[PDB]
Amino acid sequence: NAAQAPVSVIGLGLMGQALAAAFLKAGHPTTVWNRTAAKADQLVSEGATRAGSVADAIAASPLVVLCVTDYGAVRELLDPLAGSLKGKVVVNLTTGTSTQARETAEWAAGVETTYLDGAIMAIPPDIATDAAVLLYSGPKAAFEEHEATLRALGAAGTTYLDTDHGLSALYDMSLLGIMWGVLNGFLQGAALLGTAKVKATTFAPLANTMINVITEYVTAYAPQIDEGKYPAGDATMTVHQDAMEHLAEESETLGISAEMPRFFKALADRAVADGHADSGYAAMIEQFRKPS
Amino acid sequence: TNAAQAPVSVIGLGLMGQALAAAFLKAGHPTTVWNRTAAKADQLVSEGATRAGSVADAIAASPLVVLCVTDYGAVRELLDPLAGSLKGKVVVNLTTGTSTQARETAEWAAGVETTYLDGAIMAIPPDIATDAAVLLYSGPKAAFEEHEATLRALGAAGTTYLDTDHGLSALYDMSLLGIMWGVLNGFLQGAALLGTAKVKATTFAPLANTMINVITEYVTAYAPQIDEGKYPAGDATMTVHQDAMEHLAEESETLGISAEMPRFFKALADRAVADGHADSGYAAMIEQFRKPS
Ligand SMILES: NC(=O)c1ccc[n+]([C@@H]2O[C@H](COP(=O)([O-])OP(=O)(O)OC[C@H]3O[C@@H](n4cnc5c(N)ncnc54)[C@H](OP(=O)(O)O)[C@@H]3O)[C@@H](O)[C@H]2O)c1
Ligand SMILES: NC(=O)c1ccc[n+]([C@@H]2O[C@H](COP(=O)([O-])OP(=O)(O)OC[C@H]3O[C@@H](n4cnc5c(N)ncnc54)[C@H](OP(=O)(O)O)[C@@H]3O)[C@@H](O)[C@H]2O)c1
């Protein structure tokens, strides 16, 4: 039970406030602390306990969640309190780099404390909804002990990765790259359809229907990438390349941007040059691996 | 019982045409077929399709006539000579082409008093007649409604009417392919990045798909902002997007993979910031996609 699983939240910015709110509404006794005291007021009025100091906030709970600007801020808060951390589980949902995650984990074992490094794939209003994804890396046992508590932040999207703490930051970037790819795809299409007086609101649901179809292509292409074998099946790179041609041309003609379609065409042109005219789109992995 | 009463002819039996005729046949339509190279019809004829001897026979055989050939040059070559023969027929042209070709062909069709729908197929042949198939139609609404049930044999869930401008089918086609490449390139970027830490693409795939599903909700929220020209930050400012694109690009260069796409994405964001949209949400990016380059 949640009443038997206390948790402290250190950092009550926009995201930290929503995490504390989620812990509280799921029935955890929730201790909070922020450098700027007034950011706790709304949460205190709703039943959270205001800690007197960072030390108190750590002592209050066996599970300690951090969510501040950067890992500089994290070290500033925790360095002085090494002794205070023994036997606690620290869950750091601050966004940072791979190396920061790994170095912080190293420092934590050094002072005998358990450390998970997380990454939040969500905006504050989506915390505690099925739309929330939250990634955790580090010791599996500590994740299992606190799984039920952590699921208060997003029951469906709470996801353990592996032991390397640095995976959380890598998966974060990788998923954001997908987000920008999807959204830029949609925006290109809205601009094109806009020249024929089609509204983006009219286009959205059909765009989403298509995005859902494409997830099946992701699933089919994945083993091809791992095996290094790129059978055309469906459609050759030559067919993709020709279709990219038409998108670029019709974009230049109708008076909108053609930069992305031309950039996409260039990548395909390189795969053709490397011998993959008759291979399928999975062969494009080779272009994304080539430096600069 | 309905399909037995709804004949359809298919003109063009290439890889895609064969799958369309197969779908019509297995849904119980009496299906007449014709191909220039006559032997490509054998498999379908053996399964119960009628071999039309000529294009004219194929047109006489059915009230609904579907074409699916290489290009609109091929389409005109086949149909021009048969103007008079087409009165009272519905011609459904699922050949891929440009906007202008659709509109010119529709003009020719009214000229010879026939009904003409211009379609585009967003599917591979094996996906025809599955819930994965999307098929787009533009032109007269009444003709689409009359034959909707029959057409749904090609993909019951994804058979979609757009509007009266015949040219819309080709525009929507391109727009959706752009989305496909954006999704797939996003996935490939991520697989290459995770591959440096010995994470397999198959381990990454399910999480990538979970995330793609979440992103559909962002598309839905951004769409009205685009139509209204008002781009409230809500969630995440362009400054936040810009910084995160920075980190993706840097970590990519460091780990020895391509950083061209992340840098290209950053460039577009840099221009939105320069135009004053630091505190706007991602919908403000529509302005960059509308600028001629
Ligand atoms: N907002 C989102 O949608 C979102 C999504 C995913 C991930 N994240 C990540 O979550 C983390 C927090 O984001 P946010 O949205 O809450 O940012 P924010 O609203 O700007 O708040 C930042 C928090 O860090 C604290 N802080 C900064 N420097 C500090 C220091 N030296 N000592 C003590 N406290 C310090 C702030 O204290 P004061 O309140 O005293 O200034 C505040 O509690 C970031 O790493 C962010 O990238 C955010
Ligand atoms: N394959 C796909 O995944 C796919 C997906 C979406 C859209 N499409 C579109 O579907 C259309 C057909 O593609 P496909 O994949 O079926 O191509 P295909 O396998 O190359 O077949 C082309 C068809 O067009 C016929 N043809 C070409 N010129 C002709 C002419 N002058 N007179 C009579 N017939 C002619 C061919 O007859 P012969 O057999 O006698 O050559 C054949 O039946 C294309 O516009 C394509 O872009 C295909």
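Naming convention: chains lettered A, B, ... in sequence-line order (proteins, then strands); numbering from 1 in each chain. Ligands are counted one by one from 1 in listed order, and the atoms in each one are counted from 1 as well.
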In ligand 1, which numbered atoms sit nearer than 4.0 Å to a non-hydrogen atom of A:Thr36? 38 (P), 39 (O), 40 (O), 41 (O)
Side chain or backbone, does A:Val68 bring an N or O within less than 3.5 Å of an N or O on ligand 1? yes
Counting only heavy atoms not in A:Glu46, do more than 12 sit closer than 6.0 Å to its CD atom? yes
Out of B:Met16, B:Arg36, B:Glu77, B:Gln18, whose heavy atom is nearest to atom 15 (O) of ligand 2? B:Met16
With under 30° as parallel and over 60° as perpendicular, where do the rings of A:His240 and B:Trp181 fit, or are they tilted in between? perpendicular
Can you tell me which residue and heavy atom of the protein come closest to atom 6 (C) of ligand 2, and the distance to 0.1 Å? B:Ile121 O, 3.3 Å
Proximity flag A:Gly72 to ligand 1, non-hydrogen atoms under 4.0 Å: no
Around atom CZ of B:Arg152, are there more than 12 heavy atoms of other residues, nucleotides or ligands at under 6.0 Å? no
Check whether any N or O atom of B:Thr95, backbone or side chain, sits under 3.5 Å from an N or O atom of ligand 2, and answer yes or no. no
Selected option - heavy-atom contact closest to atom 28 (N) of ligand 1, from A:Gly11, A:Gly96, A:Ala73: A:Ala73
For B:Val69, does its backbone N or O pair with a side-chain atom of B:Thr95 as donor and acceptor, under 3.5 Å? yes
Given B:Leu67, B:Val10, B:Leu20, the one that forms side chain to side chain contact (heavy atoms under 4.5 Å, CB included) with B:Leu94: B:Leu20
Atom 7 (C) of ligand 1: which protein heavy atom is closest, and how many Å away? A:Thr95 OG1, 3.6 Å
Close-contact set for ligand 2 against B:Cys68 heavy atoms, below 4.0 Å: 10 (O), 11 (C), 12 (C)
Within the structure, does A:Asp234 bring an N/O atom to less than 3.5 angstrom of an N/O atom in ligand 2? no
Ignoring angles and geometry beyond distance, decide whether B:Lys40 reaches within less than 3.5 Å of ligand 2 through its nitrogen or oxygen atoms. yes
Using atom types as modelled and distance alone, determine if a side-chain donor or acceptor of A:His165 lies under 3.5 Å from a backbone N or O of A:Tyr115. yes
Against heavy atoms of A:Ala122, which atoms of ligand 1 measure under 4.0 Å? 3 (O), 5 (C), 6 (C)
For atom 20 (O) of ligand 1, the protein heavy atom that lies nearest, with its residue and separation: A:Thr69 OG1, 4.4 Å
What is the nearest protein non-hydrogen atom to atom 3 (O) of ligand 1, stated with its residue, atom name and distance? A:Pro124 CD, 3.2 Å
For A:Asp130, does the CG atom have more than 12 heavy-atom neighbours from other residues, nucleotides or ligands under 6.0 Å away? no
Which option wins on minimum heavy-atom distance to atom 21 (O) of ligand 1: A:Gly13, A:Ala119, B:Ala236? A:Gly13
Between A:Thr215 (side chain) and A:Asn212 (backbone), is there a donor-acceptor pair under 3.5 Å? yes
With distance as the sole test, does B:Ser169 use its side chain to make a donor-acceptor pair with the main-chain N or O of B:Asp118 at under 3.5 Å? yes
Answer whether the closest heavy-atom distance between the side chains of A:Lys265 and A:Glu245 falls below 4.5 Å. yes
If only atom types and distance count, is the side chain of B:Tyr161 paired as donor or acceptor with the main-chain N or O of B:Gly139 below 3.5 Å? yes
Under 3.5 Å, side chain of B:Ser99 to main-chain N/O of B:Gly167, donor-acceptor pair present? yes
Return yes when at least one protein heavy atom is under 4.0 Å from atom 41 (O) of ligand 1, and no when none is. yes
Taking distance alone, with N or O pairs closer than 3.5 Å, would you say B:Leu13 contacts ligand 2? yes
A student checking ligand 1 against A:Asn34 at a 4.0 Å heavy-atom cut-off should list atoms 37 (O), 38 (P), 39 (O), 40 (O), 42 (C), 43 (O)
Which heavy atom of the protein is the closest neighbour of atom 19 (O) of ligand 1, given with residue, atom name and distance? A:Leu14 N, 2.9 Å
